[PDB]
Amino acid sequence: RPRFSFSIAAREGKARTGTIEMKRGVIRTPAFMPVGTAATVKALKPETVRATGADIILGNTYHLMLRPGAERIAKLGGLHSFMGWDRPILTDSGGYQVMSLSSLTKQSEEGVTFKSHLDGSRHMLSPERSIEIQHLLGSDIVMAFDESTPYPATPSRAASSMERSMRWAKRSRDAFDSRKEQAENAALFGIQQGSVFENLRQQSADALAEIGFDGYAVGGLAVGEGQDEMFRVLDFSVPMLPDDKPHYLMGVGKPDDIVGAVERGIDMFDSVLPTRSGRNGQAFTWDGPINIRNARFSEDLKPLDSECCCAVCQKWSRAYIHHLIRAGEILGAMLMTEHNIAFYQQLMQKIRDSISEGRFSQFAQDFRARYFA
């Protein structure tokens, strides 16, 4: 297999379906990536993640650098060996979680220093150090290090952070390219910034394409703006990116967000919703989400979802899972999470098949009618 090859097999409107070939495996697109926080997709063995249909998972650099540590993971053979997942892994840059989770942060044109939220130890991230940590982990897809822009942002602040992000994108590119083993075996994605402002999004797209990346994320969304605004920004933002590379919407999201984002040209997604919502008692079904803690499920012998092909829905009832979650049982988290990840993978499969068959627009309409009935 090549280091990186993205091939589009079929299109319908702005939607695409195809494959990314990498050394550790093939990724079918549109793709959903389960989130593997600190070297575990919570409550699942990696074989179970694979069994649900996932081709690639995400790792959180911020969490991994704090515990167990990036150099330690490298000493132990890399993230794949450590956690037992041998297929591709995408790592974020760590910068977003520094902003949202750490303390005592000091930002500058060079990078950021911050205090761990676990024990107050001091740490640093920069374009160079982020790329280096992602190398130490052995990541297959490396995200450039950028500067997040809060929602809402003024035009001036959005421009300043977008401009810095583009300078940091060049530094990330150069750091990645200077490390032979990383440049030859991994891929590097850049992140478009610019908030809700069309002209900034265009400048950002132009700058990233001039540098050149293996894929392009739409950054700065899913941070408080609401679905209407997110879709409006995607409407004009995704067409600015190179058509022949993957388009990644970071941190999205709900099933209906994913469908609408594919309709607007997105190829890749990640979200903690199926895992985190699952542990809290929310199960996704084709008839919308349900809260399994609700007393109406206490004697319900049906599976979580009537059509789902996952092993949980083959074997256990709503009534049983209701009991487990109410009781705080680990198996409740395990079963809810496996079903939710499998549901998300079945959604991506139906999206891929409907695009290949030229009936995705109808699928999206039917999906929404039933999901929101």
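All residue numbers refer to positions in the sequence shown, first residue = 1.
**Q** Mean Cα B factor from the PDB record: higher for 166 to 174, or higher for 227 to 235?
**A** Per the deposited B-factors, the answer is 227 to 235.
**Q** Of 66 to 74 and 317 to 325, which one has the bigger average CA B-factor?
**A** The stretch with the larger average C-alpha B-factor is 66 to 74.
**Q** Return the residue from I266, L79, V98, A144 that has the highest Cα B-factor in the entry.
**A** Answer, based on the entry's C-alpha B-factors: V98.
**Q** Please work out which residue in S271, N199, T91, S130 has the highest C-alpha B-factor recorded for this crystal structure.
**A** Across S271, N199, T91, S130, the entry lists the biggest C-alpha B-factor for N199.
**Q** So where's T40 on the chain's Cα temperature factor ranking, which third?
**A** Lowest third - that is where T40 ends up once the chain's C-alpha B-factors are sorted.
**Q** For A159, return the chain-relative third of its C-alpha B-factor as stated in the PDB record: lowest, middle or highest.
**A** Highest third, going by the recorded CA B-factors of the chain.
**Q** Give the position of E210 by CA B-factor within its chain, expressed as the lowest, middle or highest third.
**A** Highest third.
**Q** With respect to C-alpha B-factor, does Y371 fall in the lowest, middle or highest third of the chain as deposited?
**A** For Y371, whose C-alpha B-factor we compare with every modelled residue in the chain, the answer is the highest third.
**Q** Among the modelled residues of this chain, does the Cα B factor of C309 put it in the lowest, middle or highest third?
**A** As the PDB entry reports it, the C-alpha B-factor of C309 lands in the highest third of its chain.
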